[PDB]
Every structure is written in structure tokens, then in C-alpha cells.
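Student: If you scroll down you'll find the structure; I have some questions about it.
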Amino acid sequence: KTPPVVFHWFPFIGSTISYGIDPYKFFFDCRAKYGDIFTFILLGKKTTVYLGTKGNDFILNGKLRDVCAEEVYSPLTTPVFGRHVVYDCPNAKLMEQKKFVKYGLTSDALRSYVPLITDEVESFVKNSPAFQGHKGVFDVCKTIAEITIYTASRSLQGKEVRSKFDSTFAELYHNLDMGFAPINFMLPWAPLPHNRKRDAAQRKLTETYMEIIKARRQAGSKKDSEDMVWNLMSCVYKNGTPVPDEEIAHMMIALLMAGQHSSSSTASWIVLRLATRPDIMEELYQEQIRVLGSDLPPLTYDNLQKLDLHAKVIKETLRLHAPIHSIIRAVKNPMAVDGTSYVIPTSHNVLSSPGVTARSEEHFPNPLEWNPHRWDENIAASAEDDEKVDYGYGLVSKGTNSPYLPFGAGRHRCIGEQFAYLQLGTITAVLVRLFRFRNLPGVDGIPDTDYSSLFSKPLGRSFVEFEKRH
Ligand code: HEM
Ligand SMILES: O=C(N[C@@H](Cn1ccnc1)c1ccc(Cl)cc1Cl)c1ccc(-c2nnc(-c3ccccc3)o2)cc1
């Protein structure tokens, strides 16, 4: 039926289970049965998978009013972030909003962020119950969720938001995060208790961001450089309107969720991998000394650059683990194929999977092997000998043909990528200073992945040993 249809027992439910349990195996099988294009049903909608590098190009460089993102996302996201931002607007508005955020993340801000993030990771160690003592075990995901949330908030969100995380400002985010409950895939409007709580969180949070904002202006200052003093002025659209406190409030919320979903997961995988690879961790420690100096002086915007393998660790973890597995778009007008029989209908979605190409023998030898050293030919923030475009938030890669595209591509491309690197880099390096990790029992491996919520993370409550260095 048009592009072939995956074989499913059930209506509506269709293939929904096989995707949910694992999207990658589900995808590798469908490649083996129908090649690079199949169509499956996910919760009562026909979703077309165009795999492969050309497949990534199709959707992410799709033209604006053939594929539409904000129509797939808005009913889940808008209750969560707040109205009038991100998906709550026509693309044109999302481009401007990105530009504000990108403007906020200039190298001068990143620099300013580095000491703050080290400060937050050093204090957490000194002060949290998690690493008390010379040797012990810790719950990686919970510990790491705390560290990432503290560091991001301190730098990006600012002092108030940060200190608010000592007051129960985290009941809220926890409660807000319920809006990403899988059920909410179709039921986001329905007022089950979790949905009601999220609306409670959303109200309170938004108020709180606004009190912060107004109170600053109530004194007419600047301090130094988070996204928000940033947005406070770093906010005028083409039309010439300053961004309202409410849109500032909701972007801050959206950014918070984005980092948290993304960086927490990755950093946890970073921790677990090292835990299985004491050779690597000790290779990193030794790299610090060599490039870094035996003194081991503090980290800076400048030094982290020199940490070549540290960066390769993050890169290679991202290769196997990038949380996002599936980028979905609403097909609006029938799309003609590259030299093939097929027409892609309206009332189809399309789904690209960056990770598949990145786990492929065709692009990567021995793909399932987690080996940083495979980048002993290459290092970048994701970089390309390929095209670039300004969709309204500055020149960025169209040149998005790489098999490795973990930050996406095209007009929706991630703009957190440097900050992610800034942070994950800063976090892992510190942890490399202070610790050796190793696997818990004498029974070892790497835990499975919970793909089930739309973003991937480690499935387990996974503890790992730790031993300090002094
Ligand atoms: C490993 C960490 C991260 C990964 C893997 C990641 C991945 C991605 C991906 C794949 C997209 C495009 C998905 C799509 O097409 O809808 C994206 C978009 C985006 N990411 Fe990230 N991201 C990361 C970190 C961050 C951080 C820290 C922020 C913010 C601080 C951020 C903010 C965004 C934003 C604003 C978009 C815009 C999407 C759009 O315009 O439609 N990301 N990210
Ligand atoms: O997690 C989601 N979005 C994140 C992704 N992210 C993280 C870092 N970079 C990108 C996100 C992106 C941008 C911003 Cl500003 C904030 C965040 Cl938190 C996400 C987004 C949308 C959905 C979603 N909305 N509708 C669906 C849907 C509906 C029906 C069927 C299948 C999916 O999924 C799920 C997760």
C-alpha cells in the first residue's frame, strides 16, 4: 500500500509495541524486509520511515510546507512549555526564538559558564551524600540527573532559578515532566491527575520565572550572563516588539527541559561506559596531565579544547546513545520520491532516525562496539565539508549528509550543541579528576535502554562503584 506496509496484527495499535520496546531493532528488521523505506502504523497514524543518509536528507531538509513539525508536537509540548513559544507558533516565529537563544550562547557566555559548572560539580561532591567516603557505590542516573540539573541551572538559568532548586522548585519540574507521559501521546488534553499536576507546575513555574524577571527590572540592572538577562533585552523581533516576560518565562522552561532530557541521559551513559572501561578512564586522566599539566590547573573554555579524547568519549557515546532516536514530521502535501515508484501521501507522518545510520556497518565498522579511538581520524563539534544555510538563526549546516547526525540537521537543528559539549566536557573531565569508576558486582555489562518514553536513557536503577583518588 503505497510504500509497503509493515506487517502488523492489529488495527491502530499496529506496530506500536515493537517500536516502543526498541526503535532500532524494529528499524533494522524493516530495513531487511523492505529496504530503506517502509510505512508502519504508530498509534493509529501511518508513519513513513525513510532510512539512510538520503532518508535523513529528505525529511530534515524537506521544504517548509510539505513537512510540518509543530503540528505533530504542539499538543504534547504546549501544555508543558507554555503557549506562544517553540511549537506554539508558525516556523517563522520558532526561527526568531532560536536566534535569541543562539545569540545568548556566544563564546563569551560559554567561557563564563565553565567555572560555574566546575563549581557546581565540585560542591555536589563535597556536599551531597552520594560520594561520601573514599570508596562506595552510587545510583548513576539519579546522581547524574542532579549534577546536570544543577550545572545547567547555575549557568543558563541563573542564580535565582539555581537557588530555587534548593527550595522545592524540583517537585515542579518533576511534576511538569509528567507531561511527557507516554499516554499523553494522544491524551494530552485529558485531565488525568498527572496532566492536572503538570498544569499546576506550568502555572507556578511561569509565575516564578516572571517574578524573577520583573524583580530584576525593578532594579534596572545586569549581573552577568545567563540566557535570561539575555532574553530580557536580547529580545526584539523583526516587528520591533520586545519578547514578553511570558514568552521569556516559557522559553526558559523549554530550554531547561531540553538540556535535562538530553544531557542527563548522555552523561549517565558516559559514566556507565567508563565504568566498563577503566583503561579509557585512566587514559583520560593521563591526557589531563599531559596536555593539561601535572599541576592539573583548573579548567577553562580554552583547556577543554585540548582534551582531544575527552571529546571523543562524548562523541562516541553520542554515536551509540544519542537520546533522540526518531524525528517525526507531518506530511502535508504529496511528496515525490528520489527516482522511485513511491508517492508519500498527506495524512502520513515521516520518521527519520539519525542513530540507525550511526550504528551501521556501512558507515561504522563494528558498530555496536563502544570505542572512542575510532575518532583517531576525526574530531569536531559536529562539523562538515558540506552545505550551509541561514533559516533565520544564522548560518548552520544543511551540510547534513553525515551518517553521524546526533544533533539533527536542517532548520530544526539543535542549537544546544556547543553548550552540551561545554557541559558534558566540563562534567566528565572533573569526574575524571576525582574518581575511578568500576562495575558493581563482579557482574558486568552495560544496562539496557528505555526508549519507551520518546527520548532514550538507561533503563535500570544502575549503581556503579566509585573510588576517590585522594
Ligand atoms: C546530546 C544532547 C543533545 C542532543 C542529542 C540534542 C539533539 C537534538 C536534536 C536531534 C534536535 C533536532 C530534533 C528535531 O528535529 O526535532 C535538537 C533540536 C534542538 N535542541 Fe537539542 N540536543 C541536545 C542538547 C540540547 C540542549 C542542551 C539544548 C538547549 C540548551 C537543546 C536545544 C535544542 C533546541 C532548541 C532544538 C530546536 C529544535 C527545533 O527547532 O525544532 N538541545 N536537539
Ligand atoms: O523531547 C522532546 N523534545 C526535546 C528534544 N530535544 C532535547 C534537546 N534537543 C532537543 C526538546 C526540543 C526542543 C526544546 Cl525547546 C525542548 C525540548 Cl524538551 C520531545 C518533543 C516532542 C515530543 C512529541 N510531541 N508529540 C509527539 C508525538 C505525538 C504522536 C506520536 C508520536 C509522537 O512527540 C516528544 C518529545
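Every chain in the C-alpha cells has a letter given in the order shown (A, B, ...), and although residue numbers restart at 1 in each chain, ligands are simply numbered from 1 in the order shown.
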Taking only region 363-439 of chain A into account, list the residues labelled strand (DSSP E or B) by DSSP (computed from the backbone), as a compact mmCIF listing (two decimals) with C-alpha atoms, in the first residue's frame.
Tutor:
```
# COMPACT_ATOMS: atom_id res chain seq x y z
CA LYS A 388 25.20 25.60 4.98
CA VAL A 389 22.11 27.78 5.24
CA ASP A 390 20.60 30.62 7.27
CA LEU A 395 24.31 30.00 9.08
CA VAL A 396 24.01 26.34 10.02
CA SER A 397 24.60 23.01 8.30
CA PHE A 435 37.29 9.35 40.54
CA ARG A 436 37.89 5.92 39.24
CA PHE A 437 34.69 4.06 38.39
CA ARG A 438 34.27 0.32 38.01
```
Student: For the contact check between chain A and ligand 2, emit one row per residue of chain A within 8 Å, containing the shortest atom pair and the distance in Å rounded to one decimal, counting only C-alpha atoms and all ligand atoms, chain then rising number order, as JSON lines.
Tutor:
```
{"residue": "A:42", "atom": "CA", "partner": "ligand 2", "partner_atom_place_in_ligand_line": "30 (C)", "distance": 6.9}
{"residue": "A:43", "atom": "CA", "partner": "ligand 2", "partner_atom_place_in_ligand_line": "30 (C)", "distance": 7.0}
{"residue": "A:45", "atom": "CA", "partner": "ligand 2", "partner_atom_place_in_ligand_line": "30 (C)", "distance": 8.0}
{"residue": "A:72", "atom": "CA", "partner": "ligand 2", "partner_atom_place_in_ligand_line": "25 (N)", "distance": 5.2}
{"residue": "A:73", "atom": "CA", "partner": "ligand 2", "partner_atom_place_in_ligand_line": "24 (N)", "distance": 3.5}
{"residue": "A:74", "atom": "CA", "partner": "ligand 2", "partner_atom_place_in_ligand_line": "24 (N)", "distance": 6.4}
{"residue": "A:75", "atom": "CA", "partner": "ligand 2", "partner_atom_place_in_ligand_line": "25 (N)", "distance": 6.7}
{"residue": "A:76", "atom": "CA", "partner": "ligand 2", "partner_atom_place_in_ligand_line": "24 (N)", "distance": 4.9}
{"residue": "A:77", "atom": "CA", "partner": "ligand 2", "partner_atom_place_in_ligand_line": "24 (N)", "distance": 5.8}
{"residue": "A:81", "atom": "CA", "partner": "ligand 2", "partner_atom_place_in_ligand_line": "16 (C)", "distance": 7.9}
{"residue": "A:86", "atom": "CA", "partner": "ligand 2", "partner_atom_place_in_ligand_line": "15 (Cl)", "distance": 6.1}
{"residue": "A:180", "atom": "CA", "partner": "ligand 2", "partner_atom_place_in_ligand_line": "34 (C)", "distance": 6.7}
{"residue": "A:185", "atom": "CA", "partner": "ligand 2", "partner_atom_place_in_ligand_line": "28 (C)", "distance": 4.8}
{"residue": "A:186", "atom": "CA", "partner": "ligand 2", "partner_atom_place_in_ligand_line": "29 (C)", "distance": 6.4}
{"residue": "A:251", "atom": "CA", "partner": "ligand 2", "partner_atom_place_in_ligand_line": "15 (Cl)", "distance": 6.9}
{"residue": "A:254", "atom": "CA", "partner": "ligand 2", "partner_atom_place_in_ligand_line": "15 (Cl)", "distance": 4.6}
{"residue": "A:255", "atom": "CA", "partner": "ligand 2", "partner_atom_place_in_ligand_line": "15 (Cl)", "distance": 5.2}
{"residue": "A:256", "atom": "CA", "partner": "ligand 2", "partner_atom_place_in_ligand_line": "18 (Cl)", "distance": 7.3}
{"residue": "A:257", "atom": "CA", "partner": "ligand 2", "partner_atom_place_in_ligand_line": "18 (Cl)", "distance": 4.3}
{"residue": "A:258", "atom": "CA", "partner": "ligand 2", "partner_atom_place_in_ligand_line": "18 (Cl)", "distance": 3.6}
{"residue": "A:259", "atom": "CA", "partner": "ligand 2", "partner_atom_place_in_ligand_line": "8 (C)", "distance": 5.7}
{"residue": "A:260", "atom": "CA", "partner": "ligand 2", "partner_atom_place_in_ligand_line": "18 (Cl)", "distance": 7.7}
{"residue": "A:261", "atom": "CA", "partner": "ligand 2", "partner_atom_place_in_ligand_line": "7 (C)", "distance": 5.8}
{"residue": "A:262", "atom": "CA", "partner": "ligand 2", "partner_atom_place_in_ligand_line": "7 (C)", "distance": 5.1}
{"residue": "A:263", "atom": "CA", "partner": "ligand 2", "partner_atom_place_in_ligand_line": "8 (C)", "distance": 7.9}
{"residue": "A:324", "atom": "CA", "partner": "ligand 2", "partner_atom_place_in_ligand_line": "5 (C)", "distance": 7.0}
{"residue": "A:328", "atom": "CA", "partner": "ligand 2", "partner_atom_place_in_ligand_line": "32 (C)", "distance": 7.0}
{"residue": "A:407", "atom": "CA", "partner": "ligand 2", "partner_atom_place_in_ligand_line": "9 (N)", "distance": 7.3}
{"residue": "A:414", "atom": "CA", "partner": "ligand 2", "partner_atom_place_in_ligand_line": "9 (N)", "distance": 5.7}
{"residue": "A:415", "atom": "CA", "partner": "ligand 2", "partner_atom_place_in_ligand_line": "9 (N)", "distance": 7.8}
{"residue": "A:416", "atom": "CA", "partner": "ligand 2", "partner_atom_place_in_ligand_line": "9 (N)", "distance": 6.9}
{"residue": "A:454", "atom": "CA", "partner": "ligand 2", "partner_atom_place_in_ligand_line": "35 (C)", "distance": 5.6}
{"residue": "A:455", "atom": "CA", "partner": "ligand 2", "partner_atom_place_in_ligand_line": "1 (O)", "distance": 5.9}
```
Student: Between CA of residue 381 (chain A) and CA of residue 428 (chain A), measure the distance and give it in Å to one decimal.
Tutor: 16.3 Å
Student: Could you find all residues in region 307-444 of chain A that DSSP calls helix (DSSP H, G or I) from the backbone, and write them as a ChimeraX atom specification?
Tutor: /A:308-321,354-358,372-375,410-412,417-434
Student: Go ahead and save the picked residues with C-alpha atoms, as a PDB file, in the first residue's frame.
Tutor:
```pdb
ATOM      1  CA  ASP A 308      41.004  15.539  22.492  1.00  0.00           C
ATOM      2  CA  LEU A 309      39.929  12.110  23.750  1.00  0.00           C
ATOM      3  CA  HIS A 310      37.588  13.516  26.399  1.00  0.00           C
ATOM      4  CA  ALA A 311      35.718  14.981  23.434  1.00  0.00           C
ATOM      5  CA  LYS A 312      35.969  11.672  21.561  1.00  0.00           C
ATOM      6  CA  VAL A 313      34.401   9.935  24.547  1.00  0.00           C
ATOM      7  CA  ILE A 314      31.418  12.283  24.399  1.00  0.00           C
ATOM      8  CA  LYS A 315      31.280  11.923  20.623  1.00  0.00           C
ATOM      9  CA  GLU A 316      31.356   8.119  20.591  1.00  0.00           C
ATOM     10  CA  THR A 317      28.860   7.871  23.450  1.00  0.00           C
ATOM     11  CA  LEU A 318      26.623  10.115  21.371  1.00  0.00           C
ATOM     12  CA  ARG A 319      27.136   7.763  18.422  1.00  0.00           C
ATOM     13  CA  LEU A 320      25.547   4.800  20.205  1.00  0.00           C
ATOM     14  CA  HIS A 321      23.434   6.678  22.714  1.00  0.00           C
ATOM     15  CA  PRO A 354      19.785   9.557  12.882  1.00  0.00           C
ATOM     16  CA  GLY A 355      21.027   6.758  15.133  1.00  0.00           C
ATOM     17  CA  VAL A 356      20.451   3.982  12.612  1.00  0.00           C
ATOM     18  CA  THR A 357      22.929   5.311  10.084  1.00  0.00           C
ATOM     19  CA  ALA A 358      25.266   5.904  13.024  1.00  0.00           C
ATOM     20  CA  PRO A 372      36.312   6.296  21.351  1.00  0.00           C
ATOM     21  CA  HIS A 373      39.530   5.671  19.433  1.00  0.00           C
ATOM     22  CA  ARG A 374      37.647   5.211  16.148  1.00  0.00           C
ATOM     23  CA  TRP A 375      37.729   9.005  16.007  1.00  0.00           C
ATOM     24  CA  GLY A 410      18.272  21.437   8.669  1.00  0.00           C
ATOM     25  CA  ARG A 411      16.019  24.150  10.045  1.00  0.00           C
ATOM     26  CA  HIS A 412      15.311  22.356  13.311  1.00  0.00           C
ATOM     27  CA  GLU A 417      25.324  21.536  20.764  1.00  0.00           C
ATOM     28  CA  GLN A 418      28.260  23.631  21.965  1.00  0.00           C
ATOM     29  CA  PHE A 419      26.743  24.136  25.411  1.00  0.00           C
ATOM     30  CA  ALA A 420      26.131  20.391  25.566  1.00  0.00           C
ATOM     31  CA  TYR A 421      29.809  19.865  24.778  1.00  0.00           C
ATOM     32  CA  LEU A 422      30.812  22.650  27.142  1.00  0.00           C
ATOM     33  CA  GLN A 423      28.841  20.977  29.916  1.00  0.00           C
ATOM     34  CA  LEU A 424      29.373  17.274  29.282  1.00  0.00           C
ATOM     35  CA  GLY A 425      33.044  18.016  28.707  1.00  0.00           C
ATOM     36  CA  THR A 426      33.251  20.012  31.924  1.00  0.00           C
ATOM     37  CA  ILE A 427      31.348  17.365  33.893  1.00  0.00           C
ATOM     38  CA  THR A 428      33.280  14.340  32.602  1.00  0.00           C
ATOM     39  CA  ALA A 429      36.690  15.992  32.989  1.00  0.00           C
ATOM     40  CA  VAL A 430      36.042  16.888  36.626  1.00  0.00           C
ATOM     41  CA  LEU A 431      34.737  13.401  37.357  1.00  0.00           C
ATOM     42  CA  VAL A 432      37.878  12.106  35.660  1.00  0.00           C
ATOM     43  CA  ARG A 433      39.992  14.156  38.067  1.00  0.00           C
ATOM     44  CA  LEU A 434      38.281  12.951  41.218  1.00  0.00           C
TER      45      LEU A 434
END
```
